[PDB]
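Taking it in order: structure first as structure tokens, then the write-up.
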Amino acid sequence: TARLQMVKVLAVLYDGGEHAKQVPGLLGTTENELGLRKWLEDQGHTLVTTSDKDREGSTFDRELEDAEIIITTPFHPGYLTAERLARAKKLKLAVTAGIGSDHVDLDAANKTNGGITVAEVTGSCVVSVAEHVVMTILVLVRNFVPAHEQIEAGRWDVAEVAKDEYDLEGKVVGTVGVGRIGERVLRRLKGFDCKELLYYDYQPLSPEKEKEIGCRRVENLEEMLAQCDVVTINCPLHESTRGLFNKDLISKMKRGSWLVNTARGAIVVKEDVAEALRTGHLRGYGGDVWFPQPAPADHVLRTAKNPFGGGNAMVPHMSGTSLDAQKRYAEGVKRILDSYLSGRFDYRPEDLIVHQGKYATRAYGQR
Amino acid sequence: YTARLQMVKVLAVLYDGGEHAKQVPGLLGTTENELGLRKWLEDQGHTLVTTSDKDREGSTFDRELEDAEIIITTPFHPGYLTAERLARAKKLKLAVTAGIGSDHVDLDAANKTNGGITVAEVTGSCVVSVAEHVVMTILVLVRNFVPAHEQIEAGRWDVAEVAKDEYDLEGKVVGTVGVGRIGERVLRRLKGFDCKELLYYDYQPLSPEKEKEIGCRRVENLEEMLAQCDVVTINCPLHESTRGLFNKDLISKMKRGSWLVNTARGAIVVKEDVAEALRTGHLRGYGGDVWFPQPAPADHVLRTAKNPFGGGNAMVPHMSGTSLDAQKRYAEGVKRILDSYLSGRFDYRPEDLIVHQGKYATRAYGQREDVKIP
Ligand SMILES: NC(=O)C1=CN([C@@H]2O[C@H](COP(=O)(O)OP(=O)(O)OC[C@H]3O[C@@H](n4cnc5c(N)ncnc54)[C@H](O)[C@@H]3O)[C@@H](O)[C@H]2O)C=CC1
Ligand SMILES: NC(=O)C1=CN([C@@H]2O[C@H](COP(=O)(O)OP(=O)(O)OC[C@H]3O[C@@H](n4cnc5c(N)ncnc54)[C@H](O)[C@@H]3O)[C@@H](O)[C@H]2O)C=CC1
């Protein structure tokens, strides 16, 4: 089979600056280019890399017009809007360096240049995120953030921070989505002796996995939320999950509950989370995802607090770009690129989000 | 029939809850709520005096301990029962820890005081709480949460700046110093994370069945364990052989860029040696909740020490064992121990006894000859 020739690749990655020289394991940066440059150039392909992706007349906007392959990364996402896809005359393959391709307009992608392939590195980040979720759950439940702030400020008052400190043992935790991340969340929670582990997903766990992990499927999302002390969101962003966690749905959670979101920022309504924390309906909110990204400097969830001055465990979009994750998605991006550039188009099916004008996943809504 | 003891003076040293202890009545272990003991004691004809004033020359504690028959302390705000103080406690028969860890009592002096006083604590009451705190603090450090959260709250955004020290716990080697109630529960919670290996060092080993069930390996030499670990967690009591155990020389046996967690006792580490190991980047992180002394002085170096990248510090006040769920359990356990004494039965749970009848009654405070268990 004849290899494709002189393919223009465009990568939109985050700037590593000095950090990417201190730590060469920052592969997914404009400096280190996922370790792809020599590999592409030796085949006669070209690579243009940028972090300039937002402003009118950005490098991304100029370069996407004749790029055949566009590599994006969720942590600093080149948003492939319908407007931009309509100008991407040569685009055949959009690869996500990581997991979650919702920064691409997938419906528009299906109608672009005969239907472009949108692929991501399935599995590459999922342990990383699951760990981050259990971390965040513990941080919130155990009231870590204001306790650490008290120490660094030179103060000492045990009651002040113990008054909102609980154990995770004996609490009910529910996951929205029991895919590769949600399942691995429940597998990490098993040893904590939660009162119950619940899930809501239109794609269920097998009975054997339910028994092995020790968890129960709840058929109705609102019924799950009403029983949970902790809720974690582990579903993709698609039309039916955008703004899902609005004031009305959050009001179904228990008063004083904890909400974690390492999925996608746009699944929650940021003002509704901030208001629920402000009135004490939520005890805490945390995770690493925002909409848009970079998160605006004034984004309300940078500084929103519960009525006691805690309950915020937000970080930048980092869980899936741990140094261990980056090695896996850099290798996976090379693998997806080789499937295309070889002319084989022999993608792993689980890497495909849209392909040949159709959705190629069950996980972006019931279709 | 056994004759109950009568008109017993109880002294409790607890932390002040102020307004917090009224906002949240679940703060049982406070000077306000008195572990729910006051009416229960008074109805039997006993008296209770409670204070948080325990440190200064001429403290309430120093005055009241002279004729207290029972002294209740709590690790989170510890009335230090020094040899000097025990020598002045002419009526003391029972010292009860509201929580776990009785190292704030001079146990050798306790064994020589008033014919050998009973020192009891509520074994098991806090152990889940602390084990969860350990795993939380391990993840916080390994995934570089603290500087990432600070970045967000300051209004900044730089993924690379905080990803460059962000690792997964999967594939890392974790070792625990001590595999008792807390250390075993730490390994039980780390099992789901697919660590490369789970190690322990303890002169009291796990059964072979529990080693296989949890999936962990006993390392016979402490330094050999430290050299193999990416993460070390200290889960042993404070006693003569563990005081200042984690000094510069022992820390130097840990890997460069390792993470150290201490929810056990502050005095097990040499604070200046931890700070220097963090500041030169031999440690990537240090965290936990325990200090020496407590309250931690305002200028304690581990409040503010950082790794060379401005992270690495996951310290909190002494709180893991005083979660609201723990407090319910140790408040009930203190009542149970008090009832064993006040009834004249002295029918303590053996596992609650640290010293009794002039002898250590535990194997967990060092390897001893003439350990006498009920
Ligand atoms: N914070 C981070 O760095 C990362 C975030 N993610 C995000 O997490 C998402 C999930 O990742 P995986 O678990 O690997 O995907 P997955 O595809 O293995 O599992 C996703 C699951 O969500 C379910 N789902 C879809 N809509 C739902 C709904 N309305 N309610 C409940 N469940 C629903 C699907 O049926 C599927 O079982 C990704 O799509 C991505 O948005 C993933 C990796 C990195
Ligand atoms: N941060 C907090 O709020 C709390 C901290 N603690 C501290 O944790 C300590 C351990 O508690 P548990 O696990 O419940 O006690 P435990 O008695 O069940 O287990 C302690 C284990 O440490 C071992 N040990 C003693 N010296 C050692 C050494 N040099 N090296 C290795 N192992 C050694 C003992 O043999 C024993 O198996 C307590 O004594 C207390 O100091 C416990 C509860 C609350």
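Residue numbers start at 1 in each chain; chains themselves are named A, B, ... in the order of the structure tokens; ligands are numbered from 1 in the order shown.
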* Asked: If you count only C-alpha atoms, which residues fall within 7 Å of residue 245 (chain A), apart from same-chain ones fewer than 5 positions away, as a ChimeraX atom specification?
  -> /A:250,267-269
Pull C-alpha atoms from the residues just selected and write them as an mmCIF file, in the first residue's frame.
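Contents of out.cif, as written:
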```cif
data_model
loop_
_atom_site.group_PDB
_atom_site.id
_atom_site.type_symbol
_atom_site.label_atom_id
_atom_site.label_comp_id
_atom_site.auth_asym_id
_atom_site.auth_seq_id
_atom_site.Cartn_x
_atom_site.Cartn_y
_atom_site.Cartn_z
ATOM 1 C CA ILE A 250 -27.706 20.562 41.328
ATOM 2 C CA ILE A 267 -21.066 20.068 31.603
ATOM 3 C CA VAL A 268 -21.716 22.383 34.618
ATOM 4 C CA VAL A 269 -23.237 25.874 34.602
#
```
* To do: Select the residues contacting ligand 2 at a distance of at most 6 Å, based on only C-alpha atoms and all ligand atoms, then format the selection as a PyMOL selection string.
  => chain B and resi 100-101+124+126-127+130+177-183+201-204+235-238+242+263-265+289-290+319-321+364-366
Selection file, N, CA and C atoms, as an mmCIF file, in the first residue's frame:
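out_35.cif, freshly written:
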```cif
data_model
loop_
_atom_site.group_PDB
_atom_site.id
_atom_site.type_symbol
_atom_site.label_atom_id
_atom_site.label_comp_id
_atom_site.auth_asym_id
_atom_site.auth_seq_id
_atom_site.Cartn_x
_atom_site.Cartn_y
_atom_site.Cartn_z
ATOM 1 N N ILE B 100 -6.006 8.577 69.714
ATOM 2 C CA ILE B 100 -4.991 7.500 69.584
ATOM 3 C C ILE B 100 -3.608 8.150 69.610
ATOM 4 N N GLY B 101 -2.705 7.537 70.371
ATOM 5 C CA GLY B 101 -1.320 7.998 70.545
ATOM 6 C C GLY B 101 -1.161 8.704 71.879
ATOM 7 N N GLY B 124 -8.453 2.099 67.585
ATOM 8 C CA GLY B 124 -9.328 1.940 66.414
ATOM 9 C C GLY B 124 -10.226 3.110 66.104
ATOM 10 N N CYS B 126 -9.852 6.292 65.352
ATOM 11 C CA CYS B 126 -9.368 7.326 64.401
ATOM 12 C C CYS B 126 -8.742 6.656 63.182
ATOM 13 N N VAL B 127 -8.573 5.329 63.184
ATOM 14 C CA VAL B 127 -7.594 4.710 62.254
ATOM 15 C C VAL B 127 -8.050 4.824 60.799
ATOM 16 N N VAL B 130 -7.386 8.506 59.616
ATOM 17 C CA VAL B 130 -5.967 8.797 59.314
ATOM 18 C C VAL B 130 -5.528 8.109 58.048
ATOM 19 N N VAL B 177 6.021 2.720 57.171
ATOM 20 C CA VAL B 177 6.733 2.439 58.449
ATOM 21 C C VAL B 177 5.665 2.194 59.514
ATOM 22 N N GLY B 178 5.419 0.909 59.767
ATOM 23 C CA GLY B 178 4.315 0.480 60.627
ATOM 24 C C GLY B 178 3.184 -0.073 59.785
ATOM 25 N N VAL B 179 2.706 -1.259 60.147
ATOM 26 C CA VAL B 179 1.588 -1.938 59.434
ATOM 27 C C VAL B 179 0.593 -2.353 60.507
ATOM 28 N N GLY B 180 0.358 -1.484 61.465
ATOM 29 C CA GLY B 180 -0.716 -1.684 62.449
ATOM 30 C C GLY B 180 -2.026 -1.236 61.890
ATOM 31 N N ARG B 181 -2.904 -0.770 62.772
ATOM 32 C CA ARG B 181 -4.280 -0.481 62.328
ATOM 33 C C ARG B 181 -4.268 0.551 61.200
ATOM 34 N N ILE B 182 -3.480 1.615 61.332
ATOM 35 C CA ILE B 182 -3.450 2.641 60.270
ATOM 36 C C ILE B 182 -2.662 2.147 59.048
ATOM 37 N N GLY B 183 -1.458 1.682 59.231
ATOM 38 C CA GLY B 183 -0.622 1.302 58.093
ATOM 39 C C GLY B 183 -1.300 0.225 57.244
ATOM 40 N N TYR B 201 7.503 -1.984 56.665
ATOM 41 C CA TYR B 201 8.536 -2.291 57.680
ATOM 42 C C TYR B 201 7.822 -2.255 59.019
ATOM 43 N N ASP B 202 7.928 -3.339 59.785
ATOM 44 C CA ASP B 202 7.307 -3.402 61.128
ATOM 45 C C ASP B 202 7.880 -4.627 61.804
ATOM 46 N N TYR B 203 8.239 -4.542 63.073
ATOM 47 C CA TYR B 203 8.686 -5.742 63.820
ATOM 48 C C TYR B 203 7.481 -6.619 64.174
ATOM 49 N N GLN B 204 6.241 -6.124 64.043
ATOM 50 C CA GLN B 204 5.012 -6.948 64.134
ATOM 51 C C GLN B 204 4.443 -7.118 62.725
ATOM 52 N N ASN B 235 3.667 5.470 59.925
ATOM 53 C CA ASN B 235 2.439 5.084 60.642
ATOM 54 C C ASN B 235 2.790 4.289 61.890
ATOM 55 N N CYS B 236 3.794 4.697 62.614
ATOM 56 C CA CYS B 236 4.192 4.027 63.874
ATOM 57 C C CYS B 236 4.005 5.018 65.006
ATOM 58 N N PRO B 237 3.893 4.533 66.278
ATOM 59 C CA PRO B 237 3.815 5.425 67.414
ATOM 60 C C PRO B 237 5.154 6.099 67.709
ATOM 61 N N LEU B 238 5.067 7.213 68.416
ATOM 62 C CA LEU B 238 6.253 7.906 68.984
ATOM 63 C C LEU B 238 6.714 7.263 70.289
ATOM 64 N N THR B 242 11.745 5.745 67.958
ATOM 65 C CA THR B 242 11.235 6.450 66.757
ATOM 66 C C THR B 242 11.381 7.969 66.889
ATOM 67 N N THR B 263 1.547 11.314 59.173
ATOM 68 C CA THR B 263 0.354 11.503 60.016
ATOM 69 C C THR B 263 0.548 10.829 61.350
ATOM 70 N N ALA B 264 1.731 10.372 61.667
ATOM 71 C CA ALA B 264 1.997 9.611 62.912
ATOM 72 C C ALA B 264 2.236 10.585 64.052
ATOM 73 N N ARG B 265 3.459 11.045 64.215
ATOM 74 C CA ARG B 265 3.784 12.105 65.180
ATOM 75 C C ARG B 265 4.886 12.991 64.630
ATOM 76 N N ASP B 289 -0.243 15.955 59.130
ATOM 77 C CA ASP B 289 -1.043 16.790 60.029
ATOM 78 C C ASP B 289 -0.408 16.935 61.415
ATOM 79 N N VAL B 290 0.750 16.348 61.672
ATOM 80 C CA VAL B 290 1.301 16.234 63.031
ATOM 81 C C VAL B 290 2.585 17.067 63.148
ATOM 82 N N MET B 319 -5.520 17.348 62.565
ATOM 83 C CA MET B 319 -6.988 17.258 62.386
ATOM 84 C C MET B 319 -7.419 15.891 61.872
ATOM 85 N N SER B 320 -6.569 15.042 61.299
ATOM 86 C CA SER B 320 -7.142 13.851 60.603
ATOM 87 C C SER B 320 -7.944 12.987 61.581
ATOM 88 N N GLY B 321 -7.383 12.720 62.750
ATOM 89 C CA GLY B 321 -8.083 11.915 63.755
ATOM 90 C C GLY B 321 -9.239 12.584 64.444
ATOM 91 N N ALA B 364 3.456 -2.162 70.786
ATOM 92 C CA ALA B 364 3.543 -1.211 69.655
ATOM 93 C C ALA B 364 4.447 -0.006 69.975
ATOM 94 N N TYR B 365 4.902 0.167 71.223
ATOM 95 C CA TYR B 365 5.736 1.322 71.648
ATOM 96 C C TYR B 365 7.181 0.844 71.801
ATOM 97 N N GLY B 366 7.658 0.076 70.823
ATOM 98 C CA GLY B 366 9.011 -0.507 70.829
ATOM 99 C C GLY B 366 9.000 -1.972 71.246
#
```
* To do: Return as an NGL selection string the residues belonging to chain A that are within 7 Å of chain B, counting only C-alpha atoms.
  => :A and (16 or 19 or 23 or 26 or 128 or 135 or 138-139 or 147-148 or 151-152 or 154-156 or 158-160 or 162-163 or 165-167 or 187-188 or 191-192 or 294 or 297-298 or 302-303 or 313-318 or 321-324)
* Asked: Do you know which residues are within 7 Å of ligand 1 using only C-alpha atoms and all ligand atoms? Can you write them as an MDAnalysis selection string?
  -> chainID A and resid 98:100 122:123 125:126 129 176:182 200:203 234:237 240:241 262:264 288:289 317:321 362:365
Could you write out the selected residues, including C-alpha atoms, as an mmCIF file, in the first residue's frame?
```
data_model
loop_
_atom_site.group_PDB
_atom_site.id
_atom_site.type_symbol
_atom_site.label_atom_id
_atom_site.label_comp_id
_atom_site.auth_asym_id
_atom_site.auth_seq_id
_atom_site.Cartn_x
_atom_site.Cartn_y
_atom_site.Cartn_z
ATOM 1 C CA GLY A 98 -5.261 13.061 25.027
ATOM 2 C CA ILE A 99 -8.939 12.168 25.525
ATOM 3 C CA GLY A 100 -12.138 14.159 24.779
ATOM 4 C CA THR A 122 -8.404 6.247 24.170
ATOM 5 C CA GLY A 123 -7.192 4.899 27.571
ATOM 6 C CA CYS A 125 -5.162 9.452 30.481
ATOM 7 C CA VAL A 126 -7.883 7.427 32.219
ATOM 8 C CA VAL A 129 -7.948 11.215 35.853
ATOM 9 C CA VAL A 176 -22.099 10.088 36.001
ATOM 10 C CA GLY A 177 -20.560 7.795 33.433
ATOM 11 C CA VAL A 178 -18.991 4.362 34.150
ATOM 12 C CA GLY A 179 -16.626 4.245 31.158
ATOM 13 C CA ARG A 180 -12.906 3.903 31.362
ATOM 14 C CA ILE A 181 -12.558 6.747 33.933
ATOM 15 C CA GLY A 182 -15.772 6.212 35.952
ATOM 16 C CA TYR A 200 -25.608 6.340 36.007
ATOM 17 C CA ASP A 201 -24.768 5.494 32.385
ATOM 18 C CA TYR A 202 -26.868 4.321 29.411
ATOM 19 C CA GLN A 203 -23.922 1.890 28.760
ATOM 20 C CA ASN A 234 -17.044 11.241 34.142
ATOM 21 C CA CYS A 235 -18.986 11.524 30.862
ATOM 22 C CA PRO A 236 -17.981 13.214 27.584
ATOM 23 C CA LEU A 237 -19.218 16.654 26.527
ATOM 24 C CA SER A 240 -27.178 16.282 26.025
ATOM 25 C CA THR A 241 -24.423 16.875 28.649
ATOM 26 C CA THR A 262 -12.741 16.235 35.805
ATOM 27 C CA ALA A 263 -14.858 15.603 32.688
ATOM 28 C CA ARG A 264 -15.495 18.908 30.893
ATOM 29 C CA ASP A 288 -9.426 20.542 36.608
ATOM 30 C CA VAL A 289 -11.684 21.414 33.610
ATOM 31 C CA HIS A 317 -6.469 21.405 33.232
ATOM 32 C CA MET A 318 -3.668 19.062 34.236
ATOM 33 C CA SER A 319 -4.912 15.611 35.375
ATOM 34 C CA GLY A 320 -4.659 14.000 31.925
ATOM 35 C CA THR A 321 -1.278 15.675 31.187
ATOM 36 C CA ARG A 362 -21.573 5.181 21.522
ATOM 37 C CA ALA A 363 -20.159 7.448 24.284
ATOM 38 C CA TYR A 364 -21.127 10.907 22.799
ATOM 39 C CA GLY A 365 -24.891 10.329 23.381
#
```
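Neighbouring residues of region 61-70 of chain B at 7 Å or closer, counting only C-alpha atoms and skipping chain neighbours under 5 positions away, are residues 8, 9, 10, 11, 51, 53, 54, 88, 89, 90, 91, 92, 93, 94 and 95 of chain B.
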How would the residues just chosen look if you wrote them out with N, CA and C atoms as a JSON list (two decimals), in the first residue's frame?
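In the end it all went to out-v2.json:
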```json
[["chain", "number", "residue", "atom", "x", "y", "z"],
["B", 8, "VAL", "N", -15.37, 11.21, 92.11],
["B", 8, "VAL", "CA", -14.09, 11.19, 91.36],
["B", 8, "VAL", "C", -13.93, 12.54, 90.64],
["B", 9, "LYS", "N", -12.80, 13.21, 90.83],
["B", 9, "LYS", "CA", -12.45, 14.46, 90.11],
["B", 9, "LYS", "C", -11.86, 14.08, 88.74],
["B", 10, "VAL", "N", -12.55, 14.48, 87.67],
["B", 10, "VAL", "CA", -12.10, 14.34, 86.26],
["B", 10, "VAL", "C", -11.63, 15.70, 85.76],
["B", 11, "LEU", "N", -10.47, 15.74, 85.10],
["B", 11, "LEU", "CA", -9.93, 16.93, 84.41],
["B", 11, "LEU", "C", -9.78, 16.56, 82.93],
["B", 51, "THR", "N", -10.49, 22.40, 80.36],
["B", 51, "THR", "CA", -9.69, 23.59, 80.00],
["B", 51, "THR", "C", -8.99, 23.33, 78.67],
["B", 53, "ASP", "N", -6.25, 25.54, 78.48],
["B", 53, "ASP", "CA", -5.08, 26.31, 78.97],
["B", 53, "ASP", "C", -4.07, 25.34, 79.58],
["B", 54, "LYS", "N", -3.05, 24.95, 78.81],
["B", 54, "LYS", "CA", -2.24, 23.75, 79.15],
["B", 54, "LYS", "C", -0.73, 24.01, 79.03],
["B", 88, "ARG", "N", 3.61, 15.75, 90.51],
["B", 88, "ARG", "CA", 2.69, 16.66, 91.25],
["B", 88, "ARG", "C", 1.24, 16.16, 91.21],
["B", 89, "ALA", "N", 0.92, 15.15, 90.39],
["B", 89, "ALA", "CA", -0.44, 14.59, 90.24],
["B", 89, "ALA", "C", -0.68, 13.52, 91.32],
["B", 90, "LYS", "N", -0.87, 13.97, 92.56],
["B", 90, "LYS", "CA", -0.87, 13.10, 93.77],
["B", 90, "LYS", "C", -2.06, 12.14, 93.74],
["B", 91, "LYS", "N", -3.17, 12.50, 93.06],
["B", 91, "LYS", "CA", -4.42, 11.69, 93.07],
["B", 91, "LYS", "C", -4.61, 10.92, 91.76],
["B", 92, "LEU", "N", -3.74, 11.13, 90.76],
["B", 92, "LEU", "CA", -3.94, 10.57, 89.39],
["B", 92, "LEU", "C", -3.88, 9.03, 89.42],
["B", 93, "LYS", "N", -4.90, 8.36, 88.89],
["B", 93, "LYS", "CA", -4.92, 6.88, 88.74],
["B", 93, "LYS", "C", -5.09, 6.49, 87.26],
["B", 94, "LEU", "N", -5.78, 7.33, 86.47],
["B", 94, "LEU", "CA", -6.16, 7.00, 85.07],
["B", 94, "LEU", "C", -5.95, 8.22, 84.18],
["B", 95, "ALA", "N", -5.11, 8.05, 83.14],
["B", 95, "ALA", "CA", -4.92, 9.06, 82.07],
["B", 95, "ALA", "C", -5.51, 8.50, 80.77]]
```
